[PDB]
Amino acid sequence: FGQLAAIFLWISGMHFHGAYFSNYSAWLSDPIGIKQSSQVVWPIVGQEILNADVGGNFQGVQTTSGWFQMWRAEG
Amino acid sequence: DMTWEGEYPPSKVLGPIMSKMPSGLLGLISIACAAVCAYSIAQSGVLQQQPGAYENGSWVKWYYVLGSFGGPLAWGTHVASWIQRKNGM
Amino acid sequence: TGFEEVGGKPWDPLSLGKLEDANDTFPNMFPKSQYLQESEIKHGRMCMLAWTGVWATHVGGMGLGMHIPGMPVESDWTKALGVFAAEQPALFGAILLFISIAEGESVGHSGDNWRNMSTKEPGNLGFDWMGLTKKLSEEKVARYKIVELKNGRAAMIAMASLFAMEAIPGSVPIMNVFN
Amino acid sequence: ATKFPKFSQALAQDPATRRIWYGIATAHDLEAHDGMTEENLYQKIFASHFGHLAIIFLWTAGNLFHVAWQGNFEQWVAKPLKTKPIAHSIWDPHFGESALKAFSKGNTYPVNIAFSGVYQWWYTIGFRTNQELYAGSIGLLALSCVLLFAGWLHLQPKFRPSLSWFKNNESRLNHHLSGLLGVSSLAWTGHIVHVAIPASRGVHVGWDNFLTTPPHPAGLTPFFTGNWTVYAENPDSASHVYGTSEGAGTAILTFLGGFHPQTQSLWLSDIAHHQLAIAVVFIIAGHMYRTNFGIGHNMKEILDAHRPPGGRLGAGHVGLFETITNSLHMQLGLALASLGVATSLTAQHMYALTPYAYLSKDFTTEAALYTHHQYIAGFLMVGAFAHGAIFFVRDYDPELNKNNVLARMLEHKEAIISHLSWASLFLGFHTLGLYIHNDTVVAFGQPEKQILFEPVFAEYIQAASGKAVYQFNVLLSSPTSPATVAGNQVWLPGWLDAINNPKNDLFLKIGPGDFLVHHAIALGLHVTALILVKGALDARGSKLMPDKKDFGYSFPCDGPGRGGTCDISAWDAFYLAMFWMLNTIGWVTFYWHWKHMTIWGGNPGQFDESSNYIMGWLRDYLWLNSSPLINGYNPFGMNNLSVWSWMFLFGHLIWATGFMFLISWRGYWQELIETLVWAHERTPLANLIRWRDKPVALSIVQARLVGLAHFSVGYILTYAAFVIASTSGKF
Amino acid sequence: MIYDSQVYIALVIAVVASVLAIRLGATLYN
Amino acid sequence: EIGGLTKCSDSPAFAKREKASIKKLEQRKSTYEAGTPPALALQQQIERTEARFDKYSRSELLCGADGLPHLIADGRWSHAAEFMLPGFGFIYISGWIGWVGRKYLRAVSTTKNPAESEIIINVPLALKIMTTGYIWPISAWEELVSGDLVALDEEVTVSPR
Amino acid sequence: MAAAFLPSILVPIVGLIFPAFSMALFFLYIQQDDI
Amino acid sequence: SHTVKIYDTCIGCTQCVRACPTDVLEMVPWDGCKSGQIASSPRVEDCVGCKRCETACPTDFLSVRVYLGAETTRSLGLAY
Ligand code: CLA
Ligand code: CLA
Ligand code: CLA
Ligand code: CLA
Ligand code: CLA
């Protein structure tokens with residue numbers, strides 16, 4: 001049950017970062033030109049260069065877990 | 001044999017010749033070797049810069065090379081002078 | 001005693017005269033008391049001459065201007081040795097050779113005062129030459145050793161005062177009332 | 001003992017395959033053999049020293065034979081800047097037709113192109129023809145016949161030297177300083193005055209005419225009259241065409257300094273005056289020690305008397321004479337330690353002060369020669385500390401060495417090891433920390449946030465020798481200094497021209513990339529020392545094993561008890577320091593090659609920017625210069641770099657095979673062999689055949705050694721394939 | 001230019017050096 | 001201009017790096033319109049890049065031919081802010097951490113089970129000991145003289161020699 | 001090359017025949033129950 | 001065979017004998033310790049060299065020491 005609690009916390013984080021820190025709404029309108037990104041980096045010691053120009057008026061880390069394609073499949 | 005204790009070595013570490021020499025004689029020899037070496041270095045310096053006396057190594061004189069090796073002889077004879085003085089000659 | 005300015009007991013706040021026997025790690029890497037006393041007397045005797053040499057060759061006010069006719073002329077004491085060693089080379093060497101022979105003779109007869117193995121009392125270079133340990137009593141020559149020690153410490157502070165003015169030009173404000 | 005190994009009864013009765021393995025690897029540990037006396041031990045070492053000397057001269061006769069027969073030395077002395085030197089020819093039946101023409105590009109038959117530099121060295125010492133190289137290979141072939149007879153002769157019962165002859169330290173040093181060092185340097189001065197310097201002056205002096213052709217026009221009367229300045233009268237000009245008489249001088253002993261302007265190499269008259277002055281110093285140095293004639297020093301008396309009266313070194317050097325004279329391992333460890341310094345100094349001075357004509361223009365040879373001698377110097381330094389560790393187990397007597405300088409190292413061995421541990425950790429924390437800092441800020445697009453320490457201490461040393469680019473104005477870069485005035489009359493115009501020429505290797509321009517890699521080299525030196533010093537000082541015992549000297553130098557472990565004792569032997573600290581040696585020589589030769597491949601490539605500023613962070617080493621040195629190598633063969637064909645690309649992958653495979661013996665340990669493999677022994681005993685028609693030695697897994701120490709030898713061979717072969725094919729492929 | 005006979009002379013001196021090496025090797029083995 | 005270097009305020013290769021790094025950020029900002037959070041983030045990066053390059057210009061840093069600042073650490077006080085002034089700050093802090101770690105160890109060394117007070121830290125004792133580290137150079141000299149710093153050789157375990 | 005036939009003779013001797021000979025002799029020598 | 005030595009610091013705890021998998025060690029009567037017994041290794045021909053006896057020994061730097069030496073079929077633990 002503790003492992004299931006850690007997986008449910010991890011799933012709940014991936015949907016919260018999709019809801020708040022992603023370009024999923026822009027990606028739904030153009031899934032070919034817009035890169036999937038669901039992680040944003042804070043502007044500290046120079047690491048804000050990691051926020052890629054992913055399109056959809058958004059800057060973040062390109063994420064490759066396939067969350068946007070799973071969410072679109074669910075409707 | 002040549003092991004020693006205390007503050008000073010015995011006289012026999014100077015070899016069979018300087019172990020019998022007085023400390024004042026070895027002290028004055030040391031100043032004589034130091035002055036010959038300092039004269040030989042200074043005169044080889046002025047022979048290097050003299051414009052007719054340095055070409056093809058003409059600044060090298062045999063008596064100034066042999067005189068300059070009084071430097072390590074001045075070191076050793078003043079060390080030997082100290083050892084004879086500590087040993088009461 | 002010579003402890004009247006610092007109470008009535010020996011003064012050593014950093015305890016630098018206890019470093020050799022404090023621990024066992026650095027064997028005979030620190031000097032013992034005979035070397036420390038002899039270096040205190042020698043630094044004081046050199047500073048008593050050196051402060052007098054700056055005072056007797058200063059050409060401004062309050063410092064009496066002595067000069068030897070024939071010597072090089074540079075009243076700046078921070079450069080006077082360079083102009084003396086260049087223009088009078090045989091005299092500069094004869095002074096240094098005398099200093100050299102006296103410095104080596106001062107420990108060449110005695111032992112290792114760094115390890116408290118010396119046979120003579122520190123400060124005694126065999127240069128009495130006029131009396132006075134034979135003439136004066138035993139407590140008078142003990143009084144005069146405290147005098148030379150304290151005048152040596154006072155001139156050491158004075159030579160540190162002259163070293164500080166040339167490095168940091170606001171170190172000693174008392175040396176501004178003399179000009 | 002019957003049933004090989006003959007010298008070890010214990011291994012002779014081993015029933016397994018361990019007997020043959022351990023009989024090979026203990027064959028030269030002559031002190032451990034059964035029935036070995038001390039007098040027989042020295043006589044076997046003396047005779048096998050004659051065999052090793054013959055092998056060196058046979059190897060040198062083979063290099064001379066194959067160049068004279070199959071090489072292009074006579075075409076190389078005609079056009080030294082256009083000809084590729086041939087090592088030997090190739091006869092390989094596995095070659096295809098396109099490989100035969102790929103290796104016979106400028107020639108008739110397939111060849112290997114020599115990167116040892118023997119062409120540039122033989123040309124400098126006067127060789128001009130193939131017949132002269134052949135006669136040299138015959139004389140070395142007969143010299144090694146004599147050395148093989150002398151090893152046989154000095155084992156015959158009337159010619160076996162006594163043990164006192166082997167212990168005569170005073171007569172050996174007197175002869176080896178005079179005869180071996182000083183007389184040979186005087187004789188080499190005789191060669192280059194009579195043979196090599198006329199050959200650079202366009203004059204042939206060989207055996208046919210050297211008795212009737214004086215090497216100087218004044219001809220040996222200024223030597224005996226003391227008018228020695230005649231031998232430095234007219235040197236070669238600044239416009240002397242090398243090997244010809246045009247512009248050529250007649251002086252045989254100069255102090256010119258710097259380089260010959262055409263060959264970019266040392267003046268032969270400077271080398272002759274160097275060798276002659278080295279000869280006199282060593283001949284004099286061989287008059288120190290007391291042989292049969294009463295004068296001279298006794299070496300036991302010098303060591304017994306050198307105790308400082310302050311007592312900071314306790315008893316001094318008493319006992320050290322009998323310690324060294326009775327320990328061949330301490331003698332060997334001292335000899336390997338100086339040879340390792342002499343081989344590092346050889347590498348560091350041959351690239352920077354080029355001794356051979358046109359050697360600095362052969363870029364692959366210069367890279368091969370530096371990498372060769374620095375890896376040789378790493379192996380010698382590890383062996384010096386290894387035999388220093390064997391000495392403490394096998395030869396150190398704690399009662400003869402009582403309170404002397406040797407025993408007091410064991411007395412404060414924890415202070416030595418924990419301070420080497422501090423300096424190793426300080427270097428590694430900050431050198432790796434500064435590299436990772438410079439990696440991180442350059443990756444984030446901010447290279448101006450890099451921590452770039454300027455190496456001003458070493459730049460001060462260059463400026464003290466006269467380098468003017470750092471504008472320090474100190475000793476030889478200051479024309480007012482007495483070092484500059486006294487010196488300008490002698491070598492310094494040649495030296496200041498050479499040191500301030502930015503197109504040679506004399507004191508290369510250094511910057512912050514050179515700072516961080518020297519502190520990586522200092523890290524690698526300190527850790528490799530730390531393993532080796534802890535290997536020697538803990539060789540006799542630790543808290544984990546207080547009786548370790550009873551078990552010897554090499555043993556597997558002391559078992560899983562007391563926490564576990566894997567790799568506790570002093571042999572195992574040799575084994576761990578070999579990885580740190582190869583890493584250290586790795587960091588050295590990587591730095592030499594990349595700094596030279598950017599200087600030779602014309603972009604020295606690429607090293608100055610990219611060496612500050614690790615990605616510059618990976619991208620701009622490893623990945624970039626791999627490109628000619630890995631295209632030695634491809635799906636579209638091959639070229640003569642195909643042997644180095646094969647060796648590159650061959651080196652990667654042996655390195656990785658070493659990891660198997662390094663990671664997998666014995667009890668896995670012994671259980672796997674037991675099922676293989678079962679399968680053979682139960683298989684018909686293979687049941688006809690049986691082993692006579694029982695198959696076992698390799699022992700614990702053996703696969704440590706086997707895994708280290710695979711690791712080291714794959715290390716060497718990969719970099720030799722890369723340092724050669726990248727320089728040959730680019731240039 | 002090395003001739004054919006010069007290669008054959010070197011092979012004869014080499015095969016004598018092989019005999020002397022076996023003699024040194026057998027004496028060291030004893 | 002110590003080792004043949006130049007000051008970064010007077011070297012063009014440092015000025016060329018400032019021009020090129022701002023121009024790379026301005027090209028990315030041109031692909032966004034004005035009020036967007038990508039354009040507001042890239043405007044802050046331009047001001048931080050500009051403030052960094054102007055800070056390095058006016059602050060004694062020597063630049064090489066590459067246009068990057070090099071630090072001089074031979075001991076001279078004209079470049080004290082590059083190594084020696086951060087070096088005094090490190091030695092004071094690291095000497096503090098070492099002194100109070102040593103002080104806490106010897107404090108709990110006399111308790112009943114000293115190992116449990118190292119996996120379970122006595123926090124009020126540790127917090128009290130930690131604030132005493134600000135005068136660690138005074139107390140390290142006092143412990144050196146009094147003998148509490150250095151153990152005697154007869155009290156320290158060693159191996160066979 | 002002068003005697004160009006000599007690599008065709010000596011390389012199969014040094015590469016094939018001499019290692020076949022020397023590995024066979026060492027194998028025979030290590031299995032001898034006497035010296 | 002391997003060499004197994006008993007030093008006189010043995011307290012006769014018998015733990016090395018109980019740990020030995022090939023029966024090298026046995027307890028013999030002694031008087032140098034209060035247990036009245038010392039370990040002994042008569043059958044060192046069967047010692048495989050496992051050093052289980054060294055792990056079992058409680059005395060500070062063990063009274064049993066195994067010195068690995070000449071390997072036999074029994075010393076190598078070969079079942080073939
Ligand atoms: C009569 C013949 C004769 C001649 C021609 C010389 C000539 C010389 N002697 Mg010699 N000497 C002689 C007799 C002679 N001497 C005798 C009879 C003795 C006693 C036996 C000596 C013993 C002697 C000694 C011990 C030394 C000399 C030295 C010298 C050289 C002095 C050069 C110099 O001063 O630069 C000095 C440099 C300068 C003046 C430039 C510096 C100026 C700057 C601006 C100063 C800046 C401040 C500075 C940084 C502070 C430094 C302080 C620090 C020194 C404490 C000169 C060649 C010296 C020498 O050079 O030996 C190698 C030396 O040390 N002589
Ligand atoms: C470095 C080696 C060395 C050693 C072992 C000695 C040893 C001795 N000296 Mg000598 N001396 C030396 C160098 C040395 N000296 C030098 C460079 C000078 C200046 C030219 C002198 C001038 C000198 C005088 C005038 C006298 C002695 C005397 C003595 C004896 C008593 C102690 C003393 O008063 O000396 C004190 C010596 C010094 C403080 C100077 C030495 C300091 C050196 C430079 C330390 C660095 C050593 C370094 C590791 C290697 C040396 C490199 C070299 C190029 C300098 C003692 C035997 C006395 C004696 O009894 O003579 C018979 C004496 O009267 N020395
Ligand atoms: C050319 C000058 C020369 C001179 C003057 C000497 C002198 C000496 N040698 Mg040295 N020798 C020399 C060259 C020289 N050697 C060279 C170049 C080498 C090779 C480095 C040696 C190798 C050598 C060894 C191995 C030893 C000596 C020893 C000696 C000392 C013997 C003491 C004695 O009276 O013996 C009695 C007399 C004889 C043995 C007769 C031979 C004496 C002559 C001078 C030596 C031959 C020199 C040269 C080859 C011949 C040409 C010179 C001349 C005659 C034309 C003596 C100082 C011995 C010694 O004790 O050193 C500390 C010693 O063991 N020598
Ligand atoms: C003068 C007479 C003489 C000569 C020429 C030799 C020569 C030799 N003897 Mg010796 N020997 C002699 C007398 C002599 N011996 C005597 C009198 C004794 C009895 C006391 C011995 C007892 C003896 C023994 C027991 C052995 C030898 C061995 C050797 C050989 C040494 C190995 C070698 O070949 O490298 C020679 C190397 C060179 C010529 C070059 C030197 C390279 C070094 C690294 C140079 C570095 C130093 C450099 C100049 C300065 C340092 C650089 C610095 C900047 C760091 C060499 C042939 C050994 C041997 O191999 O026997 C077969 C051996 O085991 N000898
Ligand atoms: C790249 C691989 C690698 C690395 C990093 C190490 C690292 C080390 N080896 Mg090892 N070693 C290796 C491969 C490696 N080894 C291999 C293949 C072998 C053969 C088996 C060995 C065999 C070996 C032996 C025999 C010994 C070492 C020792 C060491 C230590 C040397 C001291 C030092 O430099 O401290 C620096 C520390 C590091 C380089 C690693 C930690 C780096 C940290 C994580 C980052 C530092 C950045 C920054 C400063 C951190 C601050 C952040 C924050 C906390 C404020 C160091 C931990 C020796 C030792 O222990 O000396 C004391 C020692 O005796 N090694």
Side-chain angles (χ1 to χ4, degrees), chain B residues 31 34-35 38-39 41-42 45-46, chain C residues 78-100, chain D residues 42-43 45-54 56-57 147 150-151 154 161 164-185 188 275 278-279 281-282 286 291 335 338-339 341-346 349 417-418 420-437 480 482 520 523-524 526-535 567 572-573 575-580 582-583 662 708 711:
Chain B
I31 313 159
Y39 182 75
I41 289 171
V46 309
Chain C
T78 61
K79 293 184 288 293
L81 192 85
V83 308
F84 165 67
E87 304 167 55
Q88 307 289 115
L91 189 57
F92 175 73
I95 291 159
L96 255 180
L97 180 75
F98 189 88
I99 289 167
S100 298
Chain D
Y42 279 76
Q43 289 154 0
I45 291 160
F46 193 48
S48 67
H49 280 189
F50 278 110
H52 192 274
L53 280 183
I56 291 185
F57 284 118
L147 289 160
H154 282 300
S164 85
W165 178 88
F166 285 102
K167 297 311 182 58
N168 203 320
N169 291 302
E170 274 88 3
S171 185
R172 185 157 93 229
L173 278 175
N174 267 8
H175 288 79
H176 285 187
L177 290 165
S178 256
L180 191 53
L181 290 179
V183 169
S184 298
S185 163
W188 185 243
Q275 286 291 131
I278 285 307
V281 162
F282 274 115
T291 66
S338 298
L339 271 188
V341 176
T343 322
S344 292
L345 203 58
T346 290
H349 286 189
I417 289 158
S418 77
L420 258 169
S421 174
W422 175 80
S424 300
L425 279 161
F426 174 79
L427 281 160
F429 275 143
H430 295 77
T431 310
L432 173 75
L434 284 190
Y435 267 111
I436 292 174
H437 174 96
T480 80
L523 164 68
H526 271 82
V527 186
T528 316
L530 163 68
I531 310 157
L532 286 168
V533 160
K534 184 202 155 306
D567 288 286
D572 296 303
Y575 150 79
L576 293 177
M578 281 284 312
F579 301 107
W580 260 100
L582 298 159
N583 182 65
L662 282 164
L708 179 61
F711 194 97

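In what follows, chains carry the letters A, B, and so on, assigned in the order in which the sequence lines appear, proteins first and then strands, with residues in each chain numbered from 1. Just follow the structure's listing: the first ligand is 1, and inside any ligand the first atom is 1.
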Worked check of ring-ring contact (aromatic ring centres under 6.0 Å, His included) between D:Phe46 and D:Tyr42: CA-CA 6 Å; D:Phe46 193 48; D:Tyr42 279 76; over 10 Å; no
Please list, in number order, the atoms of ligand 4 under 4.0 Å from a heavy atom of [X].
X: D:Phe166; value: 25 (C)
X: D:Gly179; value: 1 (C)
X: D:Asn168; value: 20 (C)
X: D:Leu181; value: 41 (C)
X: D:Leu339; value: 44 (C)

Any protein heavy atom lying closer than 4.0 Å to [atom]?
atom: atom 60 (O) of ligand 1; result: no
atom: atom 13 (C) of ligand 5; result: no
atom: atom 46 (C) of ligand 4; result: no
atom: atom 49 (C) of ligand 4; result: yes
atom: atom 27 (C) of ligand 5; result: yes
atom: atom 43 (C) of ligand 4; result: no
atom: atom 19 (C) of ligand 1; result: yes
atom: atom 6 (C) of ligand 1; result: yes

Ligand-residue contact atoms, ligand 1 with C:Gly82, heavy atoms, under 4.0 Å: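 Counting from 1, the qualifying ligand atoms are 39 (C).
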Identify, for [atom], the protein heavy atom at the shortest distance, and state residue, atom and that distance.
atom: atom 21 (C) of ligand 4; value: D:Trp165 CZ2, 3.8 Å
atom: atom 53 (C) of ligand 4; value: D:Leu345 CD2, 4.5 Å
atom: atom 62 (C) of ligand 5; value: D:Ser421 OG, 3.3 Å
atom: atom 24 (C) of ligand 1; value: C:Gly93 CA, 4.4 Å
atom: atom 9 (N) of ligand 4; value: D:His176 NE2, 3.2 Å
atom: atom 31 (C) of ligand 4; value: D:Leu180 CD2, 4.0 Å
atom: atom 64 (O) of ligand 5; value: D:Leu530 CD2, 3.7 Å

Contact check: D:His49 vs ligand 4, nitrogen or oxygen atoms, below 3.5 angstrom: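 D:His49 vs ligand 4: N/O contact under 3.5 Å present.
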Between D:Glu170 and D:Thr291: side-chain donor-acceptor atoms closer than 3.5 Å: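 Side chains of D:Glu170 and D:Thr291: no pair found under 3.5 Å.
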Interfacing atoms of ligand 5 (cut-off 4.0 Å, heavy-atom, D:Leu576):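 The atoms of ligand 5 under 4.0 Å from a heavy atom of D:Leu576 are 20 (C), 25 (C).
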Side chain D:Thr346, main chain D:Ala342, donor-acceptor under 3.5 Å: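 Checking the backbone N and O of D:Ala342 against the side chain of D:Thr346, a donor-acceptor pair under 3.5 Å is found.
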Donor-acceptor contact present, side-chain D:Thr528 to main-chain D:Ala577, <3.5 Å: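 Not at all, since once roles are kept as given, no pair shorter than 3.5 Å links the two residues.
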Region of D:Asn583 engaging ligand 5 - heavy atom pairs below 4.0 Å: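 Within the 4.0 Å criterion, D:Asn583 makes no contact with ligand 5.
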Side chain, backbone, both or neither: D:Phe429 near ligand 5, heavy atoms under 4.0 Å: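 Both the backbone and the side chain of D:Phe429 come within reach of ligand 5.
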Test item, D:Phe282 contacting ligand 4 (heavy atom, 4.0 angstrom):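 It does; at least one heavy atom falls under 4.0 Å.
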Nitrogen or oxygen of D:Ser424 less than 3.5 angstrom from that of ligand 5: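 In this structure, D:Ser424 places an N or O atom under 3.5 Å from an N or O of ligand 5.
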C:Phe92 N/O to ligand 1 N/O under 3.5 Å: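 By distance alone, the answer is no.
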